[PDB]
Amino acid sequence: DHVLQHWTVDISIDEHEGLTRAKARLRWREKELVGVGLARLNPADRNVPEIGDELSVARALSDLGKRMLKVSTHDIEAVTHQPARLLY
C-alpha cells in the first residue's frame, strides 16, 4: 500500500585559505538543482575547519531546499494553471 523511493544529494566541499564552499546537487525526474553555501573561518575558529565544512553544507542544503520549493511551485502551477507560491 506504500510506494517507497530513495534519492541522494551529492555534496562537494572545497576548503581554501579559510573559505569553504559547498555545493549540493540533486537530480530527480525531469529536474536538477545545485544548492550552494559558503562559510569563512575567522581568527577565533581558524583551526576548526569542521565548522566551515558543516556550516557551508548547512547553507547549501538550505539553498537546495529553497530552490526545490520553487520547482514544486512551478509544477503545481502547471497542473492548476493558477499562479502559486510556496513559502515552506
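Counting begins at 1, following the sequence as shown.
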Quiz item: With respect to the recorded C-alpha B factors, which stretch has the higher mean value, 2 to 10 or 79 to 87?
Solution: 79 to 87
Practice problem: Output the stretch having the higher mean C-alpha B factor in the entry; the candidates are 53 to 61 and 37 to 45. | Solution: 37 to 45
Quiz item: Considering only 16, 74, 23, 67, which residue's Cα atom bears the greatest B-factor as recorded?
Solution: 16
Quiz item: For residue 29, does the deposited CA B-factor place it in the lowest, middle or highest third of the chain?
Solution: highest
